[PDB]
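Accompanying notes for the structure given below.
There are 4 protein chains.
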Amino acid sequence: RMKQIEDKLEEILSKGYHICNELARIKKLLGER
Amino acid sequence: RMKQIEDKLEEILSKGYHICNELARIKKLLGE
Amino acid sequence: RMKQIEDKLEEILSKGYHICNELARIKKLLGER
Amino acid sequence: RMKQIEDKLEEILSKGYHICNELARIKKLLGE
């Protein structure tokens, strides 16, 4: 269970990196307009 | 205590998945 | 400390609701284009 | 154990604040 907590924390962090990378690409393509 | 925390984490994760779906729809509207 | 954990979990959840509300407005204004 | 978890939470939170800044810039580019 403490392992499944540690697993979920890393899943949340990763996805937050993923999300903020997707928004960074979106910001990029709109600034080049 | 660990169970209350895990439970909330699962819920936070779910919001992230929802955000990624929004971003998928949003990318497509923008052509990307 | 367990209180400050419970406080942070609610801050993360809220902000995730906030974020997904901001993206929902953005999706709305672009679909009406 | 609580300290490792709190520590990661602070870090997750920070990403959220970064995402909100991206969304602020992105809204403005879109006129909104």
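Chains as they are written, first to last, in my numbering: chain Z, 1 to 33; chain S, 101 to 132; chain L, 201 to 233; chain B, 301 to 332. The beta-carbon is built from N, C-alpha and C at its ideal position, and this holds for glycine as well.
Between the alpha carbons of residue i and residue j, how many angstroms are there, rounded?
i: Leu-29/Z; j: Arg-201/L; result: 43 Å
i: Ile-212/L; j: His-218/L; result: 10 Å
i: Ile-5/Z; j: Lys-103/S; result: 9 Å
i: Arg-233/L; j: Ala-224/L; result: 15 Å
i: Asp-307/B; j: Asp-207/L; result: 13 Å
i: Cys-120/S; j: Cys-320/B; result: 14 Å
With distances taken between CB atoms, is the gap from residue i to residue j smaller than 8 Å?
i: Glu-322/B; j: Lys-15/Z; result: no
Spatial neighbours of residue i within its chain, please: C-beta separation below 7 Å, excluding the five flanking residues on both sides.
i: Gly-231/L; result: none
i: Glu-310/B; result: none
In the stretch 105–122 of chain S, which residues sit with their C-beta less than 8 Å from some C-beta in chain L, listed in chain order?
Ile-105, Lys-108, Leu-109, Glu-111, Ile-112, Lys-115, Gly-116, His-118, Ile-119, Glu-122
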